[PDB]
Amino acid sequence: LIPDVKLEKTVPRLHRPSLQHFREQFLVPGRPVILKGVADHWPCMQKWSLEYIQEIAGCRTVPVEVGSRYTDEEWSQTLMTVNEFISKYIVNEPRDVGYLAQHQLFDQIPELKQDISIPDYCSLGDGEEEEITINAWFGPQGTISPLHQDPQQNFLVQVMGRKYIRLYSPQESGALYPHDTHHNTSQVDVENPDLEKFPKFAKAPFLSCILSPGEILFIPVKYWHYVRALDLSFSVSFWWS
């Protein structure tokens, strides 16, 4: 099912905003934004199909997550070839949901680095271009990344399919009942909250969006984010500082 994003506050969308504007209105204040017209002509957008990914990467071994990431004990990873993953969790009637998440596929397969680029906005950071972490997120409809926060800025680029994303600023942490302050994860199920056990969550303000191919979501450092895939999906994240 597709959530109704127009009833919720939508993440603003901007087409190729200037570096200065992005820095002053978004990076410095820590405000989410969607960048349009930047990655939509990346080669990956037209080249990366299920067939092409299976052809180039199908023999390489990757980690595959299964379980709810709400707690360490609730999930685990299995190392398997890309072909095995595609067969078991995408094409054949998947009883369980499997997710090739948070994997540095582009270090494993440098050719794929030719199909993507580093966003120009990353040059506004302090860190170097070499310490930027590029992660692949490839999985079926229905994958869910529970509400959590990360210690770096993020550009999340959608290549294949659509994702529903909810964002809560760092100043809402109280209403999100973190498991452990010291990357931190919420105890709440965004789309099915226990309203007795988590009363403060109902009124917490948030932004939401459906991110589609060619769009980039800027997730400010330590902004809380929740992600559900709406279709067979492939995203590329850029963690930078």
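Each form is matched to the other, and the largest set of C-alpha atoms that superpose within 1.5 Å is called the rigid core. All residue numbers are counted from 1 along the displayed sequence.
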**Complete:** RMS over structures and residues, CA atoms, rigid core fit in 5 other deposited structures of this protein: 50 to 58 vs 210 to 218, larger is 50 to 58
**Complete:** After core superposition, the stretch with larger RMS C-alpha deviation in 5 other deposited structures of this protein, comparing 40 to 48 and 59 to 67, is 59 to 67
**Request:** Determine if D120 is unmodelled in a third or more of the other PDB entries compared for this protein.
**Result:** no
**Request:** Please report whether at least a third of the other compared entries leave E74 without coordinates.
**Result:** yes
**Item:** Deposited residues lacking coordinates between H182 and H183 (none, 1 to 3, 4 to 9, 10 or more)
**Value:** 1 to 3
**Between the two ranges 44 to 52 and 66 to 74, the one averaging a larger CA B factor in the entry** = 66 to 74
**Fill in**
When mean C-alpha B-factors in the record are compared for 206 to 214 and 189 to 197, the larger belongs to 189 to 197
**Fill in**
Top Cα B-factor in this entry, restricted to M80, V157, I165, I132, sits on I132
**Request:** Using the entry's values, work out which of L100, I118, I144, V97 has the largest Cα B factor.
**Result:** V97
**Request:** Looking at the entry's B-factor column for C-alpha atoms only, identify whether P29 ranks in the lowest, middle or highest third of its chain.
**Result:** middle
**Message:** Among the modelled residues of this chain, does the Cα B factor of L105 put it in the lowest, middle or highest third?
**Reply:** lowest
**Message:** Quick check on the deposited entry: does the C-alpha B-factor of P140 sit in the lowest, middle or highest third of its chain?
**Reply:** middle
**Request:** Relative to the other modelled residues of the same chain, rank the CA B-factor of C59 and answer lowest, middle or highest third.
**Result:** lowest
**Message:** When the deposited Cα B-factors of this chain's modelled residues are ordered and cut into thirds, is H225 in the lowest, the middle or the highest one?
**Reply:** lowest
